[PDB]
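The form deposited in one PDB entry is given below as one chain in structure tokens.
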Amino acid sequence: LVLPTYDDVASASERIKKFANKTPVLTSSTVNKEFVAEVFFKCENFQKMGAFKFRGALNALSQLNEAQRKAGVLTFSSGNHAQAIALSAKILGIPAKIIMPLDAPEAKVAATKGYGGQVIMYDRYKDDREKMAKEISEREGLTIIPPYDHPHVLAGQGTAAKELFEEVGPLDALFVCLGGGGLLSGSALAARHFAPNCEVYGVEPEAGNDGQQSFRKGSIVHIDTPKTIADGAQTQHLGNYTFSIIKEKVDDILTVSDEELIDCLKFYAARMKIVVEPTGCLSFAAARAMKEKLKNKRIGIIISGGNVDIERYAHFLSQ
């Protein structure tokens, strides 16, 4: 596999500049005092469509030629890449078919349809969504734009970390949410450019620690779909492109419980005044767990997204 490099992240910044949001970086006095450090939060929950995914989607679709754009694209996603592709596709006038899990947050499915995406569903725990994707794409002549295991997609996700480092400088540690590895691999490429000798940490829900196992083992570990409220991290295994990069440019993979995610979600709401979906709480939850190692350092936290069903969010806040 020909792996993308920081050069691809840099070019991605150019391709998305026209429509993507240069999301703000927030800080918290409470957090800094508790951690005895300087923590910076990159708010991708404020990105177009509510998650970092718009970056990878636009970067990928922008590189399709005229014929490919007219023919249409297909993708499979837990929900955010789905919305990202739908929005990017609308902007570029590209027809888009999207395969989503039946138990995906209603808000993510609704938004995808609202953007003009044609949605087909699958069972997250029993079906092989990639098998479905291949067949539908092969049968309808559609270009598949994977949710993470693709050079253009992962390179694009890396622009969030790129922007963070350009705004606050190199950081001793960067915490990143981990599902298939697109956000983490892209972030790692940017991290090694701006802070080659610092730390990059991926974080998965404990029930879905396939990435952590792969990292320790040296090969991709496959697990049954994990049951966790982190709906954007229920992947069965890491992508091939992403793992290739993660294995080389990531220092460690951590895990946190759903209980910890909920406490983090409440903290974000009560102390930082921002809405973050469970999956977007992985990074901060892990940072809190290892705060002792972060004393007197500068830390970067990626808030990956904020797309949740309000009713469910209200439920979490009530725990």
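For the two forms, the rigid core is made up of the largest set of C-alpha atoms that agree within 1.5 Å on superposition. Sequential numbering from 1, following the sequence displayed.
Beyond the structure shown, there is the form deposited in another entry, which is absent from this document and is the topic of what follows.
Only one entry in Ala233, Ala188, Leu87, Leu74 has its C-alpha moved by 2 angstroms or more between the shown form and the other one when the rigid core is superposed, and that entry is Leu74.
After superposition on the rigid core, the Cα of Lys126 moves by 2 Å or more between the shown form and the other one. In this overlay on the rigid core, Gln213 has a C-alpha that sits less than 2 Å away from its partner position between the shown form and the other one. Core-superposed comparison between the shown form and the other one: CA of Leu164 displaced by less than 2 Å.
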